[PDB]
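Protein chains in written order, with the deposited numbering: chain D, 1 to 154; chain C, 68 to 124; chain B, 17 to 102; chain A, 58 to 134.
Built from N, CA and C at the ideal position, the CB exists for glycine as well.
For reference, the structure discussed in these notes is given below.
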């Protein structure tokens, strides 16, 4: 049974301009000290259609992990709009926070992200080519989806 | 542009149809055949082969 | 005149089931496109759980898939919750 | 009524899918019941996420994108 349990994720600076960084405050419990690193990563799903348009915004390492309750702040640069299909640029998608030990993902937190124009005319008539300077990214941080996977510690 | 799940006339969906609503014995195990559990050795040996299959996949 | 014998036509899953599940999930309206999409997800879900359970059965040296063989495969799937524990 | 997927079509479905992996399989009736309970739960789960995803694009009609997205929030690759 697992050595790490996420207590919380705080979505910070939300909503925000599409280009502003993602800011997360992650709190977790460690029941048994980890000698090696935990790898946390933030994933923007670019297109619902394919797993191929997913962007890894950043990745950080944490460790050794002593036992107890801990926090770190995970910030990452907003996704690169050149890689997002125009159809999917506006409207809903998903961002994911994930954690890995000895190569196996043991947890995946996910949030629905809405990319929306704050400009009433644009909302009415969006340009074929989406303008990302006009898009606000609202993360729904009231409905995280926490998904756990059994992994081998040691 | 789509379908309303409600649904005046949705009652059509909750109909009981016993022929479709129960299992048939064909392909099932009754009443005595090998149910023997997975032990320990075989369990880890199987979990082994799978962790490798999803590696190569 | 000219009577015809009925062949047995159960194959996969029809629309009423999809609506029943969608309704269980609070969905009040669906695209017609939802039906195909949903069968696909079910097939894919079942495929992965069945393949894992078959492999548990192959190792037990028997031709019957037991209930524990399924339970075990299901643990390989991962568990979604709507909040954080703690 | 609590009907979701009817027992027989589901059994037939499982049997067919299982046929690709191994030949001449039988199941315990409990095993089918479990796959059934599992499938039904997994799907109502996505549907729940589906309505939620659809409510935040501000639509009343769910679409295959919403389903696509819902499997991603759980990380089906």
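Hey, quick one: how far does the beta strand (DSSP E) through residue 8 of chain D stretch, first residue to last?
According to the DSSP assignment, residue 8 of chain D belongs to the beta strand (DSSP E) that extends over 4–12.
Flag residue 75 of chain B as yes if its beta-carbon sits less than 7 Å from any beta-carbon of chain C, otherwise no.
At a cut-off of 7 Å between C-beta atoms, residue 75 of chain B counts as an interface residue with respect to chain C.
Would you mind giving the Cβ-Cβ distance between residue 82 of chain A and residue 79 of chain B, rounded to the nearest angstrom? I have them listed as a contact below 8 Å.
Taking C-beta atoms under 8 Å as the contact rule, residue 82 of chain A and residue 79 of chain B qualify, at a distance of about 6 Å.
Span of the alpha helix (DSSP H) around residue 220 of chain D
A question about residue 220 of chain D goes unanswered here, because the residues of chain D that appear run from 1 up to 154.
Taking the beta carbon of residue 130 of chain D as the centre, do at least 16 other beta carbons fall within 10 Å, making it buried, or is it exposed?
Looking at its Cβ environment, which holds 16 or more other Cβ atoms inside 10 Å, residue 130 of chain D is buried.
Using the Cα positions of residue 17 of chain D and residue 124 of chain A, report the straight-line distance between them to the nearest angstrom.
Rounded to the nearest whole angstrom, the CA to CA distance from residue 17 of chain D to residue 124 of chain A is 27 Å.
Comparing C-alpha positions only, which one of D:71, D:96, D:59 sits nearest to residue 141 of chain D?
D:96 is the residue among D:71, D:96, D:59 whose C-alpha sits nearest the C-alpha of residue 141 of chain D.
Backbone secondary structure at residue 17 of chain B - three-state DSSP:
Per DSSP, reduced to three states, the secondary structure at residue 17 of chain B is coil, with no helix or strand assignment.
Please state if the CB of residue 82 of chain B and the CB of residue 88 of chain A are separated by a distance shorter than 7 Å.
In this structure, residue 88 of chain A places its C-beta atom within 7 Å of the C-beta atom of residue 82 of chain B.
Which partner residues does residue 99 of chain A have in the DSSP bridge list?
Answer is none; residue 99 of chain A lacks a bridge partner.
Restricting to Cα atoms, I'd like to know which of A:65, A:75, A:104 is closest to residue 65 of chain B.
Comparing Cα positions, the closest option is A:75.
Using a Cβ cut-off of 7 Å (strictly closer), state whether residue 100 of chain A contacts chain G.
Annotation note: the requested chain G is absent from the structure, which comprises protein chains D, C, B and A.
Where does the unbroken alpha helix (DSSP H) through residue 92 of chain D begin, and where does it stop?
Unbroken run through residue 92 of chain D is the beta strand (DSSP E), 91–101; no alpha helix (DSSP H).
Residue from A:67, A:79, A:105 whose Cα sits closest to the Cα of residue 68 of chain B:
Nearest of A:67, A:79, A:105 to residue 68 of chain B, Cα basis: A:79.
Closer than 8 Å by C-beta to residue 128 of chain D: which residues in its own chain qualify, once you throw out the five before and the five after it? Chain order, please.
Correct list, in chain order: 86.
With a threshold of 16 other CB atoms inside 10 Å of the CB of residue 122 of chain A, please say whether the residue is buried or exposed.
Taking all protein chains in view, the Cβ of residue 122 of chain A is crowded by 16 or more other Cβ atoms within 10 Å, so the residue is classified as buried.
Under a three-way DSSP split, which group does residue 135 of chain D fall into?
Residue 135 of chain D sits in a strand when the DSSP states are folded into three classes.
Closer than 8 Å is the cut-off here; do at least three beta carbon pairs connect the stretch 21–41 of chain B with the stretch 98–115 of chain A?
Touching, yes, given that three or more Cβ pairs across the two stretches are closer than 8 Å.
Residue 96 of chain B: first and last residue of the uninterrupted beta strand (DSSP E) it sits in
Note, residue 96 of chain B: beta strand (DSSP E), 95–97.
Delimiting residues of the beta strand (DSSP E) encompassing residue 108 of chain C:
Looking at the DSSP string, residue 108 of chain C is not in any beta strand (DSSP E); the run it does join, the alpha helix (DSSP H), is 108–120.
Measuring only the C-alpha atoms, how far is residue 73 of chain B from residue 114 of chain C?
Rounded to the nearest angstrom, the two C-alpha atoms are 12 Å apart.
Selection of the stretch 98–121 of chain D by Cβ proximity to chain A, strictly under 7 Å:
Cβ contacts with chain A come from 108, 110, 112, 114.
Just tell me which of D:42, D:74, D:136 has its CA closest to the CA of residue 120 of chain D.
Closest option to residue 120 of chain D, judged by alpha-carbon separation, among D:42, D:74, D:136: D:136.
Give a yes or no on whether the C-beta atoms belonging to residue 64 of chain A and residue 80 of chain C are separated by under 7 Å.
No. Outside cutoff.
Taking residue 59 of chain B as the query, report the chain A residues whose CB atoms sit under 9 Å from its CB, ordered along the chain.
The answer, in chain order, is 70, 74.
With 7 Å set as the bound, which would you pick, yes or no: does the beta-carbon of residue 80 of chain B sit closer than that to a beta-carbon of chain C?
Taking Cβ atoms only, chain C reaches closer than 7 Å to residue 80 of chain B, which makes this a yes.
On a Cα-Cα basis, can you pick out the residue from D:139, D:150, D:78, D:57 that is closest to residue 96 of chain B?
That would be D:150, whose Cα lies nearest to the Cα of residue 96 of chain B.
Quick check: what's the CA-CA separation for residue 110 of chain C versus residue 75 of chain B?
Annotation: residue 110 of chain C to residue 75 of chain B spans about 8 Å, alpha carbon to alpha carbon.
Is the beta carbon of residue 66 of chain A less than 7 Å from the beta carbon of residue 29 of chain B?
Judged by beta-carbon spacing, residue 29 of chain B lies within the 7 Å limit of residue 66 of chain A, meaning their Cβ atoms are closer than that value.
Does any residue of chain B have a CB that is nearer than 7 Å to the CB of residue 93 of chain A?
Not closer than 7 Å to any Cβ of chain B, the Cβ of residue 93 of chain A fails to qualify, so no.
Can you give me the C-alpha to C-alpha distance between residue 123 of chain D and residue 90 of chain D, rounded to a whole angstrom?
Looking at the two C-alpha atoms, the distance is approximately 10 Å.
Can you give me the C-alpha to C-alpha distance between residue 5 of chain D and residue 34 of chain D, rounded to a whole angstrom?
Taking C-alpha positions only, residue 5 of chain D is separated from residue 34 of chain D by approximately 13 Å.
Along chain C, in chain order, which residues have C-beta atoms closer than 9 Å to that of residue 118 of chain A?
68, 69, 70, listed in chain order.
Outcome for residue 120 of chain A when other beta-carbon atoms lying within 10 angstroms are tallied against a minimum of 16:
Counting every other CB atom within 10 Å of its CB across the protein chains shown gives residue 120 of chain A a total of 16 or more, marking it as buried.
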